[PDB]
Amino acid sequence: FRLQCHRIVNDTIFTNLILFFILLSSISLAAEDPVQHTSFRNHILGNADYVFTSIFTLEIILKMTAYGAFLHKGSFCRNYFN
């Protein structure tokens, strides 16, 4: 029943997580269009960015709980999850 942690650490999860983080940082931030009205193309771009951010948050939270209830105390830098 503990093979889930092994699957989380294995299966190149780190590489795809890095790729997803880089792509979300590049898309949801650089392509922001600060000074604009609601618009149509900008509106649908913002909606797509919101949906992508939501699904990325969902994937991050579902990829959590690797060690279980032990990373809360021994967290040198895992506290970023907060």
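Each value in this text was obtained by applying a stated rule to the coordinates, not by laboratory testing. Virtual Cβ from ideal backbone geometry, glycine too; neighbours counted across all protein chains shown.
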TODO: Can you tell me the 0 to 90 degree angle between the C-alpha axis of helix 41-62 and the longest principal axis of the chain, rounded to 10?
DONE: 10
Task: Exposed chymotrypsin sites (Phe, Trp or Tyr not before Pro) absent - longest run of the chain, DSSP non-H/G/I/E/B, at most 15 other C-beta within 10 Å - done: 2-39
- [ ] Would you mind getting me the FRET efficiency between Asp33 and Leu58? Use the beta-carbon distance for r and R0 = 35 Å, nearest 0.05.
- [x] 0.90
- [ ] Enter the angle in degrees (range 0 to 90, nearest 10) between the Cα long axis of helix 13-25 and the first principal axis of the Cα atoms of the chain, meaning the one along which they spread out most.
- [x] 20
- [ ] With label points built 7 Å along Cα→Cβ from the Cα atoms of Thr65 and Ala48, find their separation and express it in nm.
- [x] 3.4
Open item on the list: What three numbers, in Å, describe the spread of the alpha carbons of segment 6-57 along their principal axes, ordered from the longest?
Closed with: 48, 16, 13
